[PDB]
>>> print(open('query19.cif').read())   # mmCIF, C-alpha atoms and all ligand atoms
data_start
#
loop_
_atom_site.label_atom_id
_atom_site.label_comp_id
_atom_site.auth_asym_id
_atom_site.auth_seq_id
_atom_site.Cartn_x
_atom_site.Cartn_y
_atom_site.Cartn_z
CA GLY A 1 -8.76 1.60 13.88
CA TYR A 2 -7.28 -1.86 14.44
CA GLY A 3 -7.96 -2.75 18.10
CA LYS A 4 -9.95 -5.63 19.59
CA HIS A 5 -13.13 -3.52 19.62
CA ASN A 6 -12.83 -1.56 16.35
CA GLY A 7 -10.47 -3.59 14.18
CA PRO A 8 -11.27 -4.80 10.67
CA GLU A 9 -13.71 -7.43 12.01
CA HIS A 10 -16.08 -4.59 12.99
CA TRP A 11 -15.80 -2.41 9.86
CA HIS A 12 -18.75 -4.06 8.07
CA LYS A 13 -21.17 -2.43 10.53
CA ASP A 14 -20.29 1.08 9.29
CA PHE A 15 -19.17 0.07 5.77
CA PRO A 16 -21.30 -2.78 4.48
CA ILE A 17 -19.12 -2.98 1.32
CA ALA A 18 -16.63 -4.70 3.70
CA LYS A 19 -18.45 -7.90 2.74
CA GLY A 20 -18.43 -7.03 -0.98
CA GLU A 21 -17.44 -9.02 -4.06
CA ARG A 22 -14.03 -7.46 -4.72
CA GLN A 23 -12.45 -6.77 -1.33
CA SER A 24 -8.72 -6.66 -0.63
CA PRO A 25 -6.28 -7.94 0.44
CA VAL A 26 -6.31 -11.57 -0.73
CA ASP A 27 -4.02 -14.57 -0.53
CA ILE A 28 -2.10 -15.00 -3.77
CA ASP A 29 -2.05 -18.74 -4.60
CA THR A 30 0.94 -18.90 -6.95
CA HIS A 31 -0.13 -22.20 -8.53
CA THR A 32 -3.59 -21.00 -9.52
CA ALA A 33 -2.61 -17.52 -10.74
CA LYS A 34 -2.94 -17.44 -14.53
CA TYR A 35 0.06 -16.37 -16.60
CA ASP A 36 -1.27 -13.87 -19.10
CA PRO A 37 1.13 -13.21 -22.02
CA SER A 38 -0.97 -10.22 -23.12
CA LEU A 39 0.01 -8.23 -19.99
CA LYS A 40 2.45 -5.43 -20.82
CA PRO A 41 5.46 -4.52 -18.71
CA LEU A 42 4.86 -1.88 -16.03
CA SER A 43 6.08 1.60 -16.90
CA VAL A 44 7.09 3.51 -13.78
CA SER A 45 8.16 7.11 -14.40
CA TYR A 46 9.20 8.62 -11.08
CA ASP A 47 12.17 10.80 -12.16
CA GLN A 48 10.23 14.06 -11.67
CA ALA A 49 8.48 12.99 -8.47
CA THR A 50 7.96 15.86 -6.01
CA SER A 51 7.40 14.75 -2.43
CA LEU A 52 5.84 17.38 -0.16
CA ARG A 53 4.97 16.11 3.29
CA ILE A 54 4.81 13.15 5.67
CA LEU A 55 1.78 12.77 7.91
CA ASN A 56 0.64 10.43 10.68
CA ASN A 57 -3.07 9.99 9.92
CA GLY A 58 -3.82 7.64 12.84
CA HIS A 59 -3.84 4.47 10.65
CA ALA A 60 -0.34 4.65 9.10
CA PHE A 61 2.05 7.34 7.89
CA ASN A 62 1.65 8.75 4.39
CA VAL A 63 4.29 10.43 2.26
CA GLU A 64 2.38 12.79 -0.05
CA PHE A 65 3.39 13.94 -3.52
CA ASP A 66 2.41 16.86 -5.73
CA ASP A 67 -0.16 15.27 -8.07
CA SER A 68 -1.24 18.49 -9.87
CA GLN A 69 0.75 17.54 -12.97
CA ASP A 70 2.00 14.31 -14.60
CA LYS A 71 5.27 14.24 -12.63
CA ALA A 72 5.30 10.71 -11.24
CA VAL A 73 3.13 8.29 -13.16
CA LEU A 74 2.45 4.61 -13.64
CA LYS A 75 1.36 3.25 -17.04
CA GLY A 76 1.29 -0.08 -18.84
CA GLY A 77 0.86 -3.41 -17.14
CA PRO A 78 -2.91 -4.08 -16.98
CA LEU A 79 -3.69 -0.37 -16.96
CA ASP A 80 -5.35 1.78 -19.57
CA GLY A 81 -4.30 5.38 -19.27
CA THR A 82 -2.07 7.34 -16.96
CA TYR A 83 -2.15 7.09 -13.17
CA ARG A 84 -0.56 9.80 -11.01
CA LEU A 85 1.23 9.01 -7.73
CA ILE A 86 -0.47 10.76 -4.82
CA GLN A 87 0.93 9.06 -1.68
CA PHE A 88 2.63 5.96 -0.29
CA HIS A 89 2.33 4.30 3.11
CA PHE A 90 3.13 0.98 4.78
CA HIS A 91 1.36 -1.69 6.83
CA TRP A 92 3.44 -3.58 9.39
CA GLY A 93 3.23 -5.96 12.32
CA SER A 94 4.14 -6.13 15.97
CA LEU A 95 6.48 -9.02 15.02
CA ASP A 96 8.64 -9.80 11.95
CA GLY A 97 6.42 -12.81 11.18
CA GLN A 98 3.43 -10.66 10.23
CA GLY A 99 2.50 -7.27 8.89
CA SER A 100 1.80 -7.60 5.16
CA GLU A 101 -1.82 -7.40 3.94
CA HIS A 102 -1.43 -9.63 0.90
CA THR A 103 0.06 -13.07 1.43
CA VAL A 104 1.78 -15.40 -1.07
CA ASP A 105 0.80 -19.04 -0.61
CA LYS A 106 -0.27 -18.05 2.92
CA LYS A 107 3.18 -16.59 3.67
CA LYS A 108 3.12 -13.26 5.52
CA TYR A 109 5.85 -10.66 5.16
CA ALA A 110 7.04 -8.19 7.83
CA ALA A 111 5.45 -5.24 6.04
CA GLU A 112 3.84 -4.08 2.83
CA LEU A 113 4.37 -0.81 0.95
CA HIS A 114 1.51 0.70 -1.06
CA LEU A 115 2.15 3.34 -3.72
CA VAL A 116 -1.24 4.81 -4.47
CA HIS A 117 -2.01 6.33 -7.88
CA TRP A 118 -5.19 7.71 -9.45
CA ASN A 119 -6.46 7.66 -13.04
CA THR A 120 -5.98 11.11 -14.53
CA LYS A 121 -9.12 10.85 -16.66
CA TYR A 122 -11.21 11.46 -13.52
CA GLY A 123 -9.58 14.81 -12.71
CA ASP A 124 -8.89 14.28 -9.01
CA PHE A 125 -8.42 11.58 -6.38
CA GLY A 126 -11.85 12.18 -4.93
CA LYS A 127 -13.66 11.42 -8.21
CA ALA A 128 -11.37 8.52 -9.07
CA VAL A 129 -12.25 6.51 -5.92
CA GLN A 130 -15.87 6.42 -7.13
CA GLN A 131 -14.90 4.52 -10.30
CA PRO A 132 -14.14 0.81 -10.81
CA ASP A 133 -10.84 1.71 -12.54
CA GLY A 134 -10.10 4.82 -10.49
CA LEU A 135 -6.97 3.74 -8.62
CA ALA A 136 -3.90 1.63 -9.19
CA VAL A 137 -1.92 0.57 -6.12
CA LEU A 138 1.54 -0.92 -6.44
CA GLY A 139 2.20 -3.29 -3.54
CA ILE A 140 5.70 -4.24 -2.47
CA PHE A 141 6.55 -6.76 0.29
CA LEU A 142 9.26 -6.07 2.87
CA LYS A 143 11.27 -8.90 4.43
CA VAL A 144 13.74 -8.39 7.28
CA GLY A 145 17.40 -8.76 6.35
CA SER A 146 19.88 -6.18 5.02
CA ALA A 147 19.06 -2.48 5.43
CA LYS A 148 17.41 -0.56 2.59
CA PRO A 149 19.46 2.63 2.23
CA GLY A 150 16.72 4.44 0.29
CA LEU A 151 14.28 3.95 3.17
CA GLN A 152 16.47 5.55 5.84
CA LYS A 153 15.38 9.16 5.15
CA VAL A 154 11.83 8.05 5.94
CA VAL A 155 12.87 6.22 9.13
CA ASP A 156 14.78 9.23 10.46
CA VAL A 157 11.84 11.65 10.29
CA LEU A 158 9.36 9.37 12.11
CA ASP A 159 10.28 10.94 15.49
CA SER A 160 8.76 14.22 14.35
CA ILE A 161 5.33 12.65 13.46
CA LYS A 162 4.95 10.28 16.40
CA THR A 163 1.26 10.98 17.06
CA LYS A 164 -1.94 11.23 15.02
CA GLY A 165 -2.29 14.48 13.10
CA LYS A 166 1.38 15.47 13.16
CA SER A 167 2.97 16.36 9.83
CA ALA A 168 6.45 17.36 8.66
CA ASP A 169 7.89 18.84 5.44
CA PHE A 170 9.38 16.00 3.45
CA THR A 171 10.85 17.27 0.19
CA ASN A 172 13.17 15.77 -2.40
CA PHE A 173 12.47 12.15 -1.51
CA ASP A 174 13.01 9.77 -4.50
CA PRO A 175 10.59 6.82 -4.43
CA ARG A 176 12.76 4.97 -6.94
CA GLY A 177 14.93 3.96 -3.98
CA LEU A 178 12.12 1.68 -2.73
CA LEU A 179 11.64 -0.50 -5.86
CA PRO A 180 12.98 -4.05 -6.24
CA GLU A 181 15.16 -4.94 -9.21
CA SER A 182 12.45 -6.88 -11.05
CA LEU A 183 8.99 -5.50 -11.91
CA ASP A 184 7.27 -8.89 -12.47
CA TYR A 185 3.82 -8.72 -10.84
CA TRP A 186 0.49 -10.31 -10.07
CA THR A 187 -2.66 -8.25 -10.74
CA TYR A 188 -6.31 -8.53 -9.68
CA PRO A 189 -9.22 -6.12 -9.19
CA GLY A 190 -9.88 -5.20 -5.56
CA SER A 191 -10.53 -2.44 -3.02
CA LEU A 192 -8.96 0.03 -0.61
CA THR A 193 -7.93 -1.92 2.49
CA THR A 194 -9.02 0.77 4.94
CA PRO A 195 -12.38 2.49 5.21
CA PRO A 196 -14.26 3.46 3.11
CA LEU A 197 -13.12 0.16 1.45
CA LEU A 198 -14.29 1.30 -2.01
CA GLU A 199 -13.90 -1.19 -4.84
CA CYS A 200 -11.97 1.10 -7.13
CA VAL A 201 -8.48 -0.44 -7.17
CA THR A 202 -6.46 -2.33 -9.75
CA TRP A 203 -3.88 -4.07 -7.56
CA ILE A 204 -0.38 -4.65 -8.91
CA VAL A 205 1.64 -6.72 -6.42
CA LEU A 206 5.36 -7.17 -7.19
CA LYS A 207 6.78 -10.66 -6.93
CA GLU A 208 10.21 -9.58 -5.56
CA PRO A 209 10.30 -8.27 -1.96
CA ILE A 210 12.72 -5.59 -0.82
CA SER A 211 14.76 -6.18 2.33
CA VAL A 212 14.90 -3.79 5.30
CA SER A 213 16.85 -4.16 8.56
CA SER A 214 15.33 -5.13 11.89
CA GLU A 215 16.33 -1.63 13.16
CA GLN A 216 14.43 0.07 10.33
CA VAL A 217 11.15 -1.78 10.97
CA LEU A 218 11.60 -1.39 14.76
CA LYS A 219 11.35 2.36 14.25
CA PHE A 220 7.95 1.98 12.49
CA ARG A 221 6.70 0.27 15.66
CA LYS A 222 7.43 3.31 17.85
CA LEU A 223 4.75 5.43 16.17
CA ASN A 224 1.39 5.97 17.94
CA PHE A 225 -2.24 5.49 16.82
CA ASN A 226 -3.30 8.11 19.37
CA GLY A 227 -3.04 11.90 19.37
CA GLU A 228 -0.59 13.85 21.57
CA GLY A 229 -1.74 14.01 25.18
CA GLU A 230 -3.85 10.85 24.79
CA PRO A 231 -2.91 7.49 26.29
CA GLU A 232 -0.15 5.86 24.20
CA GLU A 233 -1.15 3.01 21.86
CA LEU A 234 1.70 1.81 19.66
CA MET A 235 0.97 1.77 15.91
CA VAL A 236 1.47 -1.93 15.10
CA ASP A 237 -0.50 -4.55 13.18
CA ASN A 238 -2.27 -1.97 11.04
CA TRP A 239 -3.05 -4.64 8.39
CA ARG A 240 -6.35 -6.09 7.27
CA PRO A 241 -6.68 -9.89 7.06
CA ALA A 242 -7.04 -11.64 3.66
CA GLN A 243 -10.56 -11.56 2.21
CA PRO A 244 -12.29 -14.17 0.03
CA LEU A 245 -11.31 -14.13 -3.65
CA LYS A 246 -14.89 -14.93 -4.71
CA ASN A 247 -15.36 -14.54 -8.50
CA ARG A 248 -11.92 -13.16 -9.38
CA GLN A 249 -8.83 -14.48 -11.11
CA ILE A 250 -5.33 -13.36 -10.21
CA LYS A 251 -3.17 -12.96 -13.32
CA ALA A 252 0.63 -13.05 -13.47
CA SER A 253 2.98 -11.18 -15.83
CA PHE A 254 5.56 -13.97 -15.57
CA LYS A 255 5.81 -17.74 -15.80
ZN ZN B 301 -2.38 0.41 2.25
#
>>> encode(input="query19.cif", output="structure tokens", more="lines below")
Ligand SMILES: [Zn+2]
Amino acid sequence: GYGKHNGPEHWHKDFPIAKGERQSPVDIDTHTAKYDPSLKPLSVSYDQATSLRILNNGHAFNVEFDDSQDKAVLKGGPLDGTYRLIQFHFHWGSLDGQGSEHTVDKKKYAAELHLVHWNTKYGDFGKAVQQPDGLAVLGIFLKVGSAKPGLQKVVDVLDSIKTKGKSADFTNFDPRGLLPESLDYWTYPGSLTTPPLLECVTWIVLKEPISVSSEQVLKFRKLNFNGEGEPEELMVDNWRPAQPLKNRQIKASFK
């Protein structure tokens, strides 16, 4: 979890890879990122996306998709091959001034959306996480301002999954409603940002944030880390701090 006695600063004791060479998130220093003209544009094909369910797993809430066929896929950019969307989730703060996992020149956003995809050549998500190129996660920053209409269906169902382990049917949700206008991105190799912290992720972090209203993000902060009938602990600040870049270069698709 993310408390004072089991937060990210303790994870290394159970998951020694927490101190590894390609851990995420990181600070993106925009002046030392390298423009790489050989990076292709991202290809996001989400028209046939089939959402199934939304679940409070005690760390965040996940919206899960049917990933048994190539329905919603990410290609191009720095990627070789086809990556299927399996779930998305957010990280957010107790205050608007924090919540994102990645930072841009040390600037924190109010929240960060992760669309998680796995490389179809490995057959399933479980095998993919064991490979250095197993996952691609698209990261999108949220700043507080105008409401995001395409997010509201998610906000409205949160009441039904308040506590850990609760799930609700969540069909016909279109993830295209959560993308910014521009798909310019930074990319670097990294890890999952929750345990088991495996170093299997190609990160693709979009330069343009989306805006959500204060009321929308306030509703995220009413969820609970705990299960029903346990003492209430609000689900806030479920973000891991920036880790050292070590021997990695962040590349940019844009100048
Ligand atoms: Zn995440």
>>> atom_distance(input="query19.cif", atom1="CA of residue 244 in chain A", atom2="CA of residue 192 in chain A")
14.6 Å
>>> axis_aligned_box(input="query19.cif", around="range 152-164 of chain A", padding_each_side="6 Å", output="lines of an AutoDock Vina configuration file")
center_x = 7.3
center_y = 9.9
center_z = 11.1
size_x = 30.4
size_y = 20.7
size_z = 23.9
>>> atom_distance(input="query19.cif", atom1="CA of residue 120 in chain A", atom2="CA of residue 84 in chain A")
6.6 Å
>>> residues_around(input="query19.cif", residues="range 98-110 of chain A", least_positions_apart="4", cutoff="9 Å", atoms="all atoms listed in the file", output="PDB file with C-alpha atoms, in the coordinates of the input")
ATOM      1  CA  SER A  24      -8.720  -6.660  -0.630  1.00  0.00           C
ATOM      2  CA  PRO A  25      -6.280  -7.940   0.440  1.00  0.00           C
ATOM      3  CA  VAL A  26      -6.310 -11.570  -0.730  1.00  0.00           C
ATOM      4  CA  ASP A  27      -4.020 -14.570  -0.530  1.00  0.00           C
ATOM      5  CA  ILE A  28      -2.100 -15.000  -3.770  1.00  0.00           C
ATOM      6  CA  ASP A  29      -2.050 -18.740  -4.600  1.00  0.00           C
ATOM      7  CA  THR A  30       0.940 -18.900  -6.950  1.00  0.00           C
ATOM      8  CA  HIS A  31      -0.130 -22.200  -8.530  1.00  0.00           C
ATOM      9  CA  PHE A  90       3.130   0.980   4.780  1.00  0.00           C
ATOM     10  CA  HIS A  91       1.360  -1.690   6.830  1.00  0.00           C
ATOM     11  CA  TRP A  92       3.440  -3.580   9.390  1.00  0.00           C
ATOM     12  CA  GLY A  93       3.230  -5.960  12.320  1.00  0.00           C
ATOM     13  CA  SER A  94       4.140  -6.130  15.970  1.00  0.00           C
ATOM     14  CA  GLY A 139       2.200  -3.290  -3.540  1.00  0.00           C
ATOM     15  CA  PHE A 141       6.550  -6.760   0.290  1.00  0.00           C
ATOM     16  CA  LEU A 142       9.260  -6.070   2.870  1.00  0.00           C
ATOM     17  CA  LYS A 143      11.270  -8.900   4.430  1.00  0.00           C
ATOM     18  CA  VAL A 144      13.740  -8.390   7.280  1.00  0.00           C
ATOM     19  CA  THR A 193      -7.930  -1.920   2.490  1.00  0.00           C
ATOM     20  CA  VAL A 205       1.640  -6.720  -6.420  1.00  0.00           C
ATOM     21  CA  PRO A 209      10.300  -8.270  -1.960  1.00  0.00           C
ATOM     22  CA  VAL A 217      11.150  -1.780  10.970  1.00  0.00           C
ATOM     23  CA  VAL A 236       1.470  -1.930  15.100  1.00  0.00           C
ATOM     24  CA  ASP A 237      -0.500  -4.550  13.180  1.00  0.00           C
ATOM     25  CA  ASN A 238      -2.270  -1.970  11.040  1.00  0.00           C
ATOM     26  CA  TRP A 239      -3.050  -4.640   8.390  1.00  0.00           C
ATOM     27  CA  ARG A 240      -6.350  -6.090   7.270  1.00  0.00           C
ATOM     28  CA  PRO A 241      -6.680  -9.890   7.060  1.00  0.00           C
ATOM     29  CA  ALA A 242      -7.040 -11.640   3.660  1.00  0.00           C
TER      30      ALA A 242
END
>>> residues_around(input="query19.cif", residues="range 155-159 of chain A", least_positions_apart="4", cutoff="9 Å", atoms="all atoms listed in the file", output="ChimeraX atom specification")
/A:54,56,61,151,168,170,216-217,219-220,222-223
>>> closest_residue(input="query19.cif", among="A:18, A:135, A:42, A:113", to="ligand ZN 301 (chain B)", atoms="only C-alpha atoms and all ligand atoms")
A:113
>>> closest_residue(input="query19.cif", among="A:207, A:53, A:4, A:248", to="residue 161 in chain A", atoms="only C-alpha atoms")
A:53
>>> residues_around(input="query19.cif", residues="residue 34 in chain A", least_positions_apart="2", cutoff="10 Å", atoms="all atoms listed in the file", output="VMD selection string")
chain A and resid 30 to 32 36 to 37 186 to 187 249 to 255
>>> closest_residue(input="query19.cif", among="A:171, A:82, A:213, A:68", to="residue 45 in chain A", atoms="only C-alpha atoms")
A:82
>>> residues_around(input="query19.cif", residues="residue 19 in chain A", least_positions_apart="3", cutoff="12 Å", atoms="all atoms listed in the file", output="PDB file with C-alpha atoms, keeping the file's coordinate frame")
ATOM      1  CA  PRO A   8     -11.270  -4.800  10.670  1.00  0.00           C
ATOM      2  CA  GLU A   9     -13.710  -7.430  12.010  1.00  0.00           C
ATOM      3  CA  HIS A  10     -16.080  -4.590  12.990  1.00  0.00           C
ATOM      4  CA  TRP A  11     -15.800  -2.410   9.860  1.00  0.00           C
ATOM      5  CA  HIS A  12     -18.750  -4.060   8.070  1.00  0.00           C
ATOM      6  CA  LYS A  13     -21.170  -2.430  10.530  1.00  0.00           C
ATOM      7  CA  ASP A  14     -20.290   1.080   9.290  1.00  0.00           C
ATOM      8  CA  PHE A  15     -19.170   0.070   5.770  1.00  0.00           C
ATOM      9  CA  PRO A  16     -21.300  -2.780   4.480  1.00  0.00           C
ATOM     10  CA  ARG A  22     -14.030  -7.460  -4.720  1.00  0.00           C
ATOM     11  CA  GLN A  23     -12.450  -6.770  -1.330  1.00  0.00           C
ATOM     12  CA  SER A  24      -8.720  -6.660  -0.630  1.00  0.00           C
ATOM     13  CA  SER A 191     -10.530  -2.440  -3.020  1.00  0.00           C
ATOM     14  CA  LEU A 197     -13.120   0.160   1.450  1.00  0.00           C
ATOM     15  CA  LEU A 198     -14.290   1.300  -2.010  1.00  0.00           C
ATOM     16  CA  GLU A 199     -13.900  -1.190  -4.840  1.00  0.00           C
ATOM     17  CA  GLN A 243     -10.560 -11.560   2.210  1.00  0.00           C
ATOM     18  CA  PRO A 244     -12.290 -14.170   0.030  1.00  0.00           C
ATOM     19  CA  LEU A 245     -11.310 -14.130  -3.650  1.00  0.00           C
ATOM     20  CA  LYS A 246     -14.890 -14.930  -4.710  1.00  0.00           C
TER      21      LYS A 246
END
>>> closest_residue(input="query19.cif", among="A:112, A:174, A:208, A:230", to="ligand ZN 301 (chain B)", atoms="only C-alpha atoms and all ligand atoms")
A:112
>>> atom_distance(input="query19.cif", atom1="CA of residue 194 in chain A", atom2="CA of residue 58 in chain A")
11.7 Å
>>> residues_around(input="query19.cif", residues="residue 88 in chain A", least_positions_apart="3", cutoff="8 Å", atoms="all atoms listed in the file", output="list in words")
residues 62, 63, 64, 113, 114, 115 and 116 of chain A
>>> write_last_selection(input="query19.cif", atoms="C-alpha atoms", output="compact mmCIF listing (two decimals), in the coordinates of the input")
# COMPACT_ATOMS: atom_id res chain seq x y z
CA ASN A 62 1.65 8.75 4.39
CA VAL A 63 4.29 10.43 2.26
CA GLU A 64 2.38 12.79 -0.05
CA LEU A 113 4.37 -0.81 0.95
CA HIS A 114 1.51 0.70 -1.06
CA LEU A 115 2.15 3.34 -3.72
CA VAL A 116 -1.24 4.81 -4.47
>>> closest_residue(input="query19.cif", among="A:231, A:6, A:129, A:76", to="residue 196 in chain A", atoms="only C-alpha atoms")
A:129
>>> closest_residue(input="query19.cif", among="A:132, A:165, A:195, A:189", to="ligand ZN 301 (chain B)", atoms="only C-alpha atoms and all ligand atoms")
A:195
>>> decode(input="query19.cif", residues="range 110-121 of chain A", atoms="N, CA and C atoms", output="PDB file, in the first residue's frame")
ATOM      1  N   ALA A 110      -2.009  16.858 -11.193  1.00  0.00           N
ATOM      2  CA  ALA A 110      -3.009  16.389 -10.217  1.00  0.00           C
ATOM      3  C   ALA A 110      -3.262  14.889 -10.303  1.00  0.00           C
ATOM      4  N   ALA A 111      -3.023  14.294 -11.472  1.00  0.00           N
ATOM      5  CA  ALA A 111      -3.212  12.853 -11.595  1.00  0.00           C
ATOM      6  C   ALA A 111      -2.537  12.351 -12.854  1.00  0.00           C
ATOM      7  N   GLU A 112      -2.454  11.032 -12.985  1.00  0.00           N
ATOM      8  CA  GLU A 112      -1.826  10.453 -14.161  1.00  0.00           C
ATOM      9  C   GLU A 112      -2.612   9.207 -14.541  1.00  0.00           C
ATOM     10  N   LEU A 113      -2.956   9.116 -15.814  1.00  0.00           N
ATOM     11  CA  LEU A 113      -3.704   7.987 -16.368  1.00  0.00           C
ATOM     12  C   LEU A 113      -2.723   7.049 -17.054  1.00  0.00           C
ATOM     13  N   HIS A 114      -2.855   5.749 -16.789  1.00  0.00           N
ATOM     14  CA  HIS A 114      -2.032   4.732 -17.409  1.00  0.00           C
ATOM     15  C   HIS A 114      -2.917   3.761 -18.167  1.00  0.00           C
ATOM     16  N   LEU A 115      -2.681   3.661 -19.472  1.00  0.00           N
ATOM     17  CA  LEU A 115      -3.345   2.685 -20.332  1.00  0.00           C
ATOM     18  C   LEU A 115      -2.336   1.585 -20.562  1.00  0.00           C
ATOM     19  N   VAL A 116      -2.641   0.399 -20.051  1.00  0.00           N
ATOM     20  CA  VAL A 116      -1.668  -0.675 -20.014  1.00  0.00           C
ATOM     21  C   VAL A 116      -1.945  -1.640 -21.160  1.00  0.00           C
ATOM     22  N   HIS A 117      -0.896  -1.962 -21.930  1.00  0.00           N
ATOM     23  CA  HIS A 117      -1.041  -2.860 -23.077  1.00  0.00           C
ATOM     24  C   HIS A 117       0.053  -3.908 -23.038  1.00  0.00           C
ATOM     25  N   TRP A 118      -0.218  -5.097 -23.580  1.00  0.00           N
ATOM     26  CA  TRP A 118       0.803  -6.149 -23.577  1.00  0.00           C
ATOM     27  C   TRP A 118       1.072  -6.695 -24.987  1.00  0.00           C
ATOM     28  N   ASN A 119       2.331  -7.072 -25.209  1.00  0.00           N
ATOM     29  CA  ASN A 119       2.845  -7.467 -26.516  1.00  0.00           C
ATOM     30  C   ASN A 119       2.294  -8.829 -26.936  1.00  0.00           C
ATOM     31  N   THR A 120       1.528  -8.852 -28.029  1.00  0.00           N
ATOM     32  CA  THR A 120       0.768 -10.050 -28.348  1.00  0.00           C
ATOM     33  C   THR A 120       1.687 -11.239 -28.652  1.00  0.00           C
ATOM     34  N   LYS A 121       2.966 -11.004 -28.912  1.00  0.00           N
ATOM     35  CA  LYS A 121       3.806 -12.148 -29.261  1.00  0.00           C
ATOM     36  C   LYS A 121       4.038 -13.088 -28.075  1.00  0.00           C
TER      37      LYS A 121
END
